[PDB]
Amino acid sequence: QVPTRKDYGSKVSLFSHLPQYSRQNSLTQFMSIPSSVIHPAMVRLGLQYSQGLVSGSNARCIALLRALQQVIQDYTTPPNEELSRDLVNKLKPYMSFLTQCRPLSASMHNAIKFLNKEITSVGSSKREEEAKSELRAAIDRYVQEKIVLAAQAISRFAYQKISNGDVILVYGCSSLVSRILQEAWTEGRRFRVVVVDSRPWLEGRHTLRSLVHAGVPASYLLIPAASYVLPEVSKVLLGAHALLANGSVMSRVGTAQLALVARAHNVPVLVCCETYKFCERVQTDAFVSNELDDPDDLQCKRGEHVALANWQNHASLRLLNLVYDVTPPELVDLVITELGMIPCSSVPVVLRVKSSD
Amino acid sequence: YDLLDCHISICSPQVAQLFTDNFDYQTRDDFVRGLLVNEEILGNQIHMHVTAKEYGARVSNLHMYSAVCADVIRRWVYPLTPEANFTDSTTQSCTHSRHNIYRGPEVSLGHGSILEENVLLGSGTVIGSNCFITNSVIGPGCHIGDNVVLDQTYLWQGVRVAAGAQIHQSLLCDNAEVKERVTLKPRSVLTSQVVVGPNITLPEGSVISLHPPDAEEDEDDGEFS
Amino acid sequence: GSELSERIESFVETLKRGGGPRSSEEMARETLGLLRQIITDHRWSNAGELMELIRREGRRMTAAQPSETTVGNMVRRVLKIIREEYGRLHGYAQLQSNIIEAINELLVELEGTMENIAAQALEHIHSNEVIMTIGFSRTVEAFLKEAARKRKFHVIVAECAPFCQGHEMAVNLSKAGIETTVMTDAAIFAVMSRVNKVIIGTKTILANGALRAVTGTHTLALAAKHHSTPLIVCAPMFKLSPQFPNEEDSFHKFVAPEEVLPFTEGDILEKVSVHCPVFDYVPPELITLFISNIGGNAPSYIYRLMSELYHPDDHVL
Amino acid sequence: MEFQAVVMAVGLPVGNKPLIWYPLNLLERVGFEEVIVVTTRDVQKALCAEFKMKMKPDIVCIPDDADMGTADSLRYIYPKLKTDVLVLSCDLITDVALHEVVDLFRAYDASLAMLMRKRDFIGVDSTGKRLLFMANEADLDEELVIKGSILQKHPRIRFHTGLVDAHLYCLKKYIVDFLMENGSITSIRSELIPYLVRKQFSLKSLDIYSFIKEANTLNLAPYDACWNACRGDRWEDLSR
Amino acid sequence: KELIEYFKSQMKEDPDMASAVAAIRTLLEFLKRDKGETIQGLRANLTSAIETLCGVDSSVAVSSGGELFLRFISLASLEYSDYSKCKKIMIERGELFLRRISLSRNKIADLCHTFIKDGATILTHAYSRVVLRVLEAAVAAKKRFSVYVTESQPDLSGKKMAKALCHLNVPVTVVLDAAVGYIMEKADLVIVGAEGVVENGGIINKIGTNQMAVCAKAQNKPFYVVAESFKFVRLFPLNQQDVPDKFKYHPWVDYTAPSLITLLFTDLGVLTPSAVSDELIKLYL
C-alpha cells in the first residue's frame, strides 16, 4: 500500500533513530494519481507539509483540521460497521502518511487526540450526515475558540505588560507573537522590536514584514548578534511550539540558547503558548524526539565556494540541521496563556484543568 | 527587472571608436539603444555582469541621494565607511558607536539630546539640550538649538539651527541658517545660506535659493518675499 | 627612503581595504619585516628618537584599522625589545644589529608556533571525544588534523552566520577523517549536553584574560560555562593585546549587512536597522585554559605574559 | 475520486501500434480506474468501434459531433464530471513520469498545471514551475508586450522558445464552470491558457504551473513527427 | 469616610492584628452596611472600598485581601441566582471565612516550627507576628537556638522584634542590616516572614529581603518563607520596577525570585513555590 521514504544522506550517530528524509523526492512517486489509500485532501496536506510551504505550527494544525473537515465531508458509512471505530481505523493510515511526510508537531498530535476523543464520543442513535455536521461544527468551533480567542486573550495579557519605550526581542516566525506586537502597536504602545533569525529557514524575515506593514520600527539581526543586542534589549518575547510536562519549552532551535544568553544578560524571557500545544509527553534534551530536515539545506552562496556541495563523497562527513530543541525550566520566566500569566511549573496543572478534571 | 544600474560599464576602446563614428550617440543608453537595434551592421554584442554581494549605485535625485546616504550610514558600502576615513583628513574622522551612531571630535552634546538611529556628527557641530536626531547626517561646525527634531535630514557644514525647529526629510546646504518657531516638511531643499524667518512653515514642495527663477522663491531675514 | 613609504602606504591601505593577507602569521611576518626595514633605513642618535618614530607609525598603522590588533602589538613588542636593549646597554652603536638579531629570533619564534601547539596538542585529546569549535582558524584545524593521527574522536564544526567559514574547516577536517559533524549556530545549547570540551581559536587576547573572537562564541562560552565544560583557546602570542575592553567603544568590527539581510529583500530595508558584528567579547571567567606555543596558561596568568611581552608605557602607542 | 481523465480525439492509429493504447496504458498504470474517452467524428465517425476493441479494465466511449473543439468537448461532458479534469490527447506518447504535474497541482493548489517538453514564446518564473506569460504571433499584431504588475511582482522571467505543448492539463471545477458559462471558447488550448494567464495577473488569485521535462517528446497531428514515433515506441515501450 | 475609620479602629485596637484581616473585616462590615440589592452595584461599591483602602494604606496585603474577598463575592454571586438569599449567604460565608482566617497563625506555628533544628541559628527580618508565633511555638516545643534579627533601617522594627524576643528570654542579637552576607555562612537556615506572595512563587516583602535571598543562593542556605494564604497576589513582577509603584511610596518593596525560595509555609501546609500558582488558577483571580 503505502511504502516508507528512504533515508537521505549519512545520519548522525546520536540521531540514528530519528528519520531524515529529503525534499527533492516524495512518497507519491509510487502512489496512485487518484489517491485511493490516502485521501486527496490528505495527500495535498502531505505535499504542502513535505515541501516546507506550511511550516508554522498554528498554520500546520489549521491546515490539518481543514483537511480533516474535507475528509469528514467526503466520508461515507459502510454496512455492518460503526462510525466511531471505522473512522479511527481509517484515520491512522492518514496520520501515518502525514508522519512519513514530516514529523508531526505537538499541536497536530493534540488535534489528533481531541479528534479521537470527539469522534469516539458520538452516539449510535444519531444519523450519518447529522453526526458529520456535528463533528464539522465541533472541529471549527474548537479551532475558532482555541486559536482566535486564545490569541486575543494572550495579546490582552501581553498589552498590560509591555511598557512604553520598551525594547522587545523576538525569534523565528509565528502568528501569535506578530499578532501580539501588531495589537500592541495599534493599541497605543510605542516600542521597537529586535528580530533574531537563524539559518537555513530565514523565516523571521516573514515576521519582519509583519513588523513593517504595521509601522513598528524594527531591527534585524541573527543569533551571533543576539549577544551584542541583548544589553540593549529590555524584554524577550518568544513563540513556543510545544510545552512539556516539566515546564520545558520545545520550540525552534535558537530559543534555549537565546534564553540562556538572555538570562546571562538579565533579560527575562516570555514565551507565548496555548493550551492545545501542551504535552503530557516529556523530554529533557533535543536528542530523543526531534525533527531532522535536509542535510542539503546548510550549503550557502558565498561567491562560488560551496564547500558542502559534494558532502556525500566524504565518508567521514556528517551533516545535521535541527528544527526543535528543549529549554530547561530554569531559564524561562513567563508563560502567557489565555488563563493568565503562569510560570513553567504550572504547565501540566493547567492540563489537569484542560482534561476536564 | 531586478537589475539596478550602477553605471560602472567597463569598456573596450571600440566604444570610443563607435562614439567617433556615430555623432548622434549623446550618452550611454543612446549608445546601447543604437547598438542593439543594429546588429548585422556594427555587431558588437554587449555583455553583462550581475553583483549580488557588493553595493553599487549612483545619484541623480534627492531620492537617490537620500537612499544612497542612508545606505552609506547603515554601512551597506563597507569597507567604505565614514569612521574608517578612507580620505586621510583629520576633519572627517569619526568613531562608530552603537546603532550606527558616528561621533566626530569636539561635539559637546547637551543634556536630554537623544540619538537613536543612524546619526553622524561632524567636526565641531555643537548640539543643545533636549534634541532628537535620527537617520540624519550633520556636517562639521554646525550650531543646533534646543527642543529640535531632525529625521531623514542632511545638514551640511556651517549651518545654524535655532531652538524649537522641527525638520523632516530635508536637505540644508552650506552656511545655512534658520530662526525659531519653524517646522519643515518632507522634500524641502535649503541651499547655500538661505535664512528662514520665524512663524514660516514651508510646504511639501519647497526649494528656496538665492537665484529667483531656478528655485521656487528667494528668502531673506523675513520669509515673506 | 621613498620605497619605505611606498611599502608603508601599501600596507596601510591594504589593511584599510580588506584582509591582506588572509591569515595572521603572514601578517605578523610582514609587520616584522616592515619594522626591520624601518630600523634599517633611518638615522638616529638616541633610542628615544626611534621610539617616538615607531610610536608615530604605530599610531598610523592602528588608525588604518582599529579592529585588528596584530600590527599594534607587534609594534609594541618591538618597542619593548628596543627598551630592553637600551636598558641592558645603558647600565650605543651596537644597538641596531642587536635589534636585528632580536627580530630574527622573534621570526624563528613566530614561524614555529602552530607546530609547537601541535606538539603539545596530544596532552588535551583522548579517545572517542566530542569536540565543538566555532569559526575557521588554521591553528585549530591543524591541531585537530594532527591529533587525529593517533587518536579517534569527533569534531563538531559550527558555522557562523555572517560568513559560514566553518564549511571550509569541515571539508578540511573531513579529509583527515575525524568524523566531522556540521551544524548551525543556533543549536549550540541544543548540542552542549553532549560536547565534552570546547576547543576554539580567537582573534585577539585582551589584557585581563578576555578575548575577542569570531562572533557567536560568547554564547558558546556561556553554554560551556553552564555545562561546566572546559574551554581550550588555541591561540598564539602575537594575538596578545594590552587593549582593555571598555576603551572608547572601539571593540566590534561592523561589516556590510548584505550577508545578514540581502539587498533584494524589498522596500522593508528602509525602515529596518541591520547590524552585522563579526567579532564577539568573551570574559576571562568563561575561559578555562589558553594554549600558546610555550605551553598551557590560565586566564589568571595573562597579566604575566602581558608584563613579559609588553610595557605599560606603550599602551597608548 | 480526485481526477477524471479525459482523452481528446480531434484531427488515428497510424504506426507500429495503436495511438489510443499508449495514453490509456499510461492512465491505467497509475490509478485511473475509470477513463472517459472522447471519440473522433471529423475525419470518420467509426473509430469508437475501434476504441472498444482493446483490453482495458473500463473505458467510457461517447459519440461526438464533427465540427467541435476541445472547449466544446469539455462543455459536452459537463453534467457527467464531478471532480478535477485531467485532459489528454491521442497523438501523445510520453516517457515522462506523470506524477510531477500532479505534485505541482496538489502542492501549490494550482488552477491549471501543464507539461511541456523540448513558435509559442512562454515566460516562466525563476523557480521554473509557475508560468506567467505565453503568446504566439498568430494572434499578435505587435511584437511582444509584458504587463507591468507581473514585472513588479516577479522581477525576472525566464523565456523559452522551443517548448511544445504535450496537451496534458489539470483543470479544476470552477475553471470548467467558467468554461461552461462562457460559450465563446472553441479551442481550449488557446482559451484556457491565455485567459487564465491574463486573469492570474491581478493577494487572493489563482495559480498556474508548468513542468518542463527533458526526457522525451510528444507527437503531432501531421506527418512531421510521424517518423520518430516508431523509433520512440521501439525503445520506450519495452519497459512499459 | 467611615470605612477608613473602622479600618483604623480595627487595626489600632490590637497590635497583634495584621492589616489584611482588618481590611477583610472592614469589607465585611461595609457589605453588611450596604444593603443594596444589586450585583454590579455591590461590586462597584466594593471596588471603591478597596480603592479607599489602597489610597489610605499602601500595604500589599490589604489590596491582596480585598481581591480575594472580591473573588469570593464573585463566586458567591455566580453560585446563587437570587440576591436575597445570596446576601445572607455572603454574610455567613464571610464570617466563617474570617473565623477560619483568625486561627491561621496558630496553624502556621504548629505546622512550621517542626523544621527548626535544636542548637541551630535563625536569621530573621523585621517585625511580624507570624515569625514570633513560630518561634514561641518552637520554644514551647523545648528547642534552643540562636537568633539573628535584621535591624531593618527604614522603621526600626527588628529592634522591636529583638525586644519582644528578649522579653521571651531567648538569645537574640540585632545584626547590622548591611551584614546579612557576613552572618550567612553561620546561618544554617533562613526563615523569613513575607507580606505578599506573587503568582509564580516569589514574594513581596520589606526592602532588605531579596539581597538576603541571593546570599541564600550563593551560600546554599535554605531560604524558608513564611506567609499565610490571604497574601496571595495575582501579579507578575519581572524586574524590580515591575511591582506596582503605589506600594513603594528610598524603596520599600523588593521582589524575590522564586528560584531563591526553598519552601512556603501556608495554611495548606509546607508547599513548593509552584503551589501558589495552582491555588491562584483554581481561584481564577
# chains A, B, ... in the order shown; residues from 1 in each chain; ligands from 1

$ residues_around --residues "residue 52 in chain D" --least-positions-apart "2" --cutoff "12 Å" --atoms "only C-alpha atoms" --output "list in words"
residues 20, 21, 37, 38, 39, 46, 47, 48, 49, 50, 54, 55, 56, 57, 58, 59, 60, 61 and 62 of chain D

$ residues_around --residues "range 160-166 of chain C" --least-positions-apart "5" --cutoff "6 Å" --atoms "only C-alpha atoms" --output "list in words"
residues 135, 136, 185 and 259 of chain C

$ write_last_selection --atoms "N, CA, C and O atoms" --output "compact mmCIF listing (two decimals), in the first residue's frame"
# COMPACT_ATOMS: atom_id res chain seq x y z
N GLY C 135 33.80 28.99 13.97
CA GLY C 135 34.57 29.76 13.01
C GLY C 135 35.52 28.90 12.19
O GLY C 135 35.32 27.70 12.00
N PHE C 136 36.58 29.55 11.72
CA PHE C 136 37.63 28.88 10.96
C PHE C 136 38.96 29.48 11.38
O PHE C 136 39.13 30.70 11.36
N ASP C 185 24.57 27.73 14.01
CA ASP C 185 24.99 28.44 15.21
C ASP C 185 23.88 28.50 16.25
O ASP C 185 24.13 28.90 17.39
N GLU C 259 25.15 40.23 4.00
CA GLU C 259 25.21 38.82 4.36
C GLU C 259 24.15 38.44 5.38
O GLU C 259 23.80 37.25 5.48

$ closest_residue --among "C:60, C:218, C:83, C:167" --to "chain B" --atoms "only C-alpha atoms"
C:60

$ residues_around --residues "residue 48 in chain C" --least-positions-apart "4" --cutoff "10 Å" --atoms "only C-alpha atoms" --output "ChimeraX atom specification"
/C:44,52-54,82-83,86

$ write_last_selection --atoms "N, CA and C atoms" --output "PDB file, in the first residue's frame"
ATOM      1  N   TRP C  44      69.516  57.736  13.532  1.00  0.00           N
ATOM      2  CA  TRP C  44      69.155  58.201  14.860  1.00  0.00           C
ATOM      3  C   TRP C  44      70.393  58.205  15.743  1.00  0.00           C
ATOM      4  N   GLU C  52      59.967  57.360  19.522  1.00  0.00           N
ATOM      5  CA  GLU C  52      58.926  58.298  19.112  1.00  0.00           C
ATOM      6  C   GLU C  52      58.502  58.056  17.667  1.00  0.00           C
ATOM      7  N   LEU C  53      59.469  57.726  16.802  1.00  0.00           N
ATOM      8  CA  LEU C  53      59.184  57.408  15.403  1.00  0.00           C
ATOM      9  C   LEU C  53      58.277  56.185  15.271  1.00  0.00           C
ATOM     10  N   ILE C  54      58.646  55.088  15.942  1.00  0.00           N
ATOM     11  CA  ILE C  54      57.876  53.847  15.911  1.00  0.00           C
ATOM     12  C   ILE C  54      56.514  54.030  16.569  1.00  0.00           C
ATOM     13  N   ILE C  82      63.358  47.065  22.015  1.00  0.00           N
ATOM     14  CA  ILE C  82      64.256  48.219  21.961  1.00  0.00           C
ATOM     15  C   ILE C  82      64.488  48.796  23.358  1.00  0.00           C
ATOM     16  N   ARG C  83      63.439  48.831  24.187  1.00  0.00           N
ATOM     17  CA  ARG C  83      63.576  49.338  25.553  1.00  0.00           C
ATOM     18  C   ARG C  83      64.443  48.425  26.414  1.00  0.00           C
ATOM     19  N   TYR C  86      68.072  48.934  25.248  1.00  0.00           N
ATOM     20  CA  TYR C  86      68.596  50.199  25.750  1.00  0.00           C
ATOM     21  C   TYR C  86      68.842  50.144  27.252  1.00  0.00           C
TER      22      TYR C  86
END

$ closest_residue --among "A:142, A:287, A:114, A:15" --to "chain C" --atoms "only C-alpha atoms"
A:287

$ select_by_dssp --residues "range 1-218 of chain B" --states "strand (DSSP E or B)" --output "ChimeraX atom specification"
/B:95-96,102-103,114-115,120-121,126,132-134,137-138,143,149-151,154-155,160-161,166-168,171-172,177-178,183,188-190,195-196,206-208,217

$ residues_around --residues "residue 68 in chain B" --least-positions-apart "4" --cutoff "10 Å" --atoms "only C-alpha atoms" --output "PyMOL selection string"
chain B and resi 56-59+62-64+72-74+76-77

$ write_last_selection --atoms "N, CA, C and O atoms" --output "CSV table (one decimal), in the first residue's frame"
chain,number,residue,atom,x,y,z
B,56,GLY,N,26.5,48.9,-5.3
B,56,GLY,CA,26.8,49.8,-6.4
B,56,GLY,C,25.6,50.6,-6.9
B,56,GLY,O,24.5,50.0,-7.2
B,57,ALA,N,25.7,51.9,-6.9
B,57,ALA,CA,24.7,52.8,-7.3
B,57,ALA,C,25.3,54.2,-7.7
B,57,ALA,O,26.5,54.4,-7.7
B,58,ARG,N,24.4,55.1,-8.1
B,58,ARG,CA,24.8,56.5,-8.4
B,58,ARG,C,23.7,57.4,-7.9
B,58,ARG,O,22.6,56.9,-7.4
B,59,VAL,N,23.8,58.7,-8.1
B,59,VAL,CA,22.8,59.7,-7.6
B,59,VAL,C,22.4,60.6,-8.7
B,59,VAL,O,23.3,61.0,-9.5
B,62,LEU,N,17.1,63.9,-5.3
B,62,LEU,CA,17.1,63.9,-3.9
B,62,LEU,C,16.8,62.5,-3.3
B,62,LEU,O,17.3,62.2,-2.3
B,63,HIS,N,16.0,61.7,-4.1
B,63,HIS,CA,15.7,60.4,-3.6
B,63,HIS,C,16.9,59.5,-3.7
B,63,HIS,O,17.1,58.7,-2.8
B,64,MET,N,17.6,59.5,-4.8
B,64,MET,CA,18.8,58.7,-4.9
B,64,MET,C,19.9,59.1,-3.9
B,64,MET,O,20.6,58.3,-3.3
B,72,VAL,N,24.9,54.3,3.0
B,72,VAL,CA,26.3,54.6,3.5
B,72,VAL,C,26.3,54.7,5.0
B,72,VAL,O,27.2,54.1,5.6
B,73,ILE,N,25.3,55.3,5.6
B,73,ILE,CA,25.3,55.4,7.1
B,73,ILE,C,25.0,54.1,7.7
B,73,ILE,O,25.6,53.7,8.7
B,74,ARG,N,24.2,53.3,7.1
B,74,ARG,CA,23.9,51.9,7.5
B,74,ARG,C,24.9,50.9,7.0
B,74,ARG,O,24.6,49.7,7.0
B,76,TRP,N,26.2,49.9,4.2
B,76,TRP,CA,25.9,49.0,3.0
B,76,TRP,C,27.1,49.0,2.0
B,76,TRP,O,27.2,48.1,1.2
B,77,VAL,N,28.0,50.0,2.1
B,77,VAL,CA,29.1,50.1,1.2
B,77,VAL,C,30.4,49.9,2.0
B,77,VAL,O,31.4,50.6,1.7

$ interface_residues --of "chain B" --to "chain D" --cutoff "10 Å" --atoms "only C-alpha atoms" --output "ChimeraX atom specification"
/B:1-3

$ closest_residue --among "A:131, A:218, A:43, A:67" --to "chain B" --atoms "only C-alpha atoms"
A:218
